[PDB]
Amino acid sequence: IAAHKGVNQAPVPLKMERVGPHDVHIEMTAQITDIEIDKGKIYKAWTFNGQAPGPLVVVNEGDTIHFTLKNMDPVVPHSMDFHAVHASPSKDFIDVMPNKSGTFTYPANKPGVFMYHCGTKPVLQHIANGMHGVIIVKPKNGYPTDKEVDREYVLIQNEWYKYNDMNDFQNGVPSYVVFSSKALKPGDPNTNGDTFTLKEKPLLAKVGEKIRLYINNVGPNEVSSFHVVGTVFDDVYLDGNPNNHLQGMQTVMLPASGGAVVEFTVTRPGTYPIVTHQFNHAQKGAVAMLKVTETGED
């Protein structure tokens, strides 16, 4: 797109504030940002806020979201679809034109780990170019195993294809499949989908902890066979709904856009890979690391 040549819009922080006991404002951008998706490989991504996947959103079950998208792309319209919400797609997930803003309001009444993404046609193009992310909706009544959890992180799986190549997006194997982590608390890492950051700077934990991961496979195209090496998932909640309870899973199958809350115990010091067990995708980048120490520090 000639109007994207030489464009690299610096990342813009997510803005969020609570405006009532059950109402939250969220303001995001759609913007064009260069991201290093593998060593030496820049992708001029279509993004929310200059991150791909986009910034983490966390709200409470029952919150209505008053969402504003400010479209900084000079030429392509963009939009937002949160899987968390009940909305009219043709009124509430509609396009915002270049250099304009749009505000849409809708409730998040279901707990879980939901994908969000741009919903502008062709949606495959918008998602594959980087416009995907996760919104977590915290359950009003928690999860039954909350009291056992020592530490938590968010991981997202996505693919990258040949740059803005619709043929490849439709018909080609991914070039890269990757994990990123999005921060829940101060100090947690906040990374983009790339082949290397979570290898070189693993997530950290301490021997003996029960870890919770909030996970989503945003695709665009692949399913995920999510596995943590060296452990078994004690508890799994499909899509993050507390009802959807499995136990003792080695591997959790995620559809494209599928989420889960998974919990596992790390019993011994060392480094624990985190994969999709579709090992062609792991080989193409989808391995993160969890470093487990006697103190929880590096």
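Residue numbers run from 1 along the displayed sequence.
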(message) If you take the mean CA temperature factor per stretch, which one wins between 165-173 and 137-145?
(response) 137-145
(request) Mind pulling up the entry and telling me whether 112-120 or 202-210 has the higher mean Cα temperature factor? (result) 202-210
(message) Looking at the C-alpha B-factor values in the deposited entry, which of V228, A84, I94, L155 comes out highest?
(response) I94
(request) Kindly indicate the residue among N99, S224, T191, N129 with the greatest C-alpha B-factor in the PDB record. (result) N99
(message) Lowest, middle or highest third: which one holds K15 when the chain's residues are ordered by CA B-factor from the entry?
(response) highest
(message) How does the C-alpha B factor of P269 compare with the rest of the chain: lowest, middle or highest third?
(response) highest
(request) Taking the chain's C-alpha temperature factors as the reference, tell me which third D38 falls into: lowest, middle or highest. (result) middle
(request) Using the B-factor values recorded in the entry, state whether the Cα atom of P107 falls in the lowest, middle or highest third among the modelled residues of its chain. (result) middle
(message) Using only modelled residues of the chain, where does the Cα B factor of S90 rank: lowest third, middle third or highest third?
(response) highest
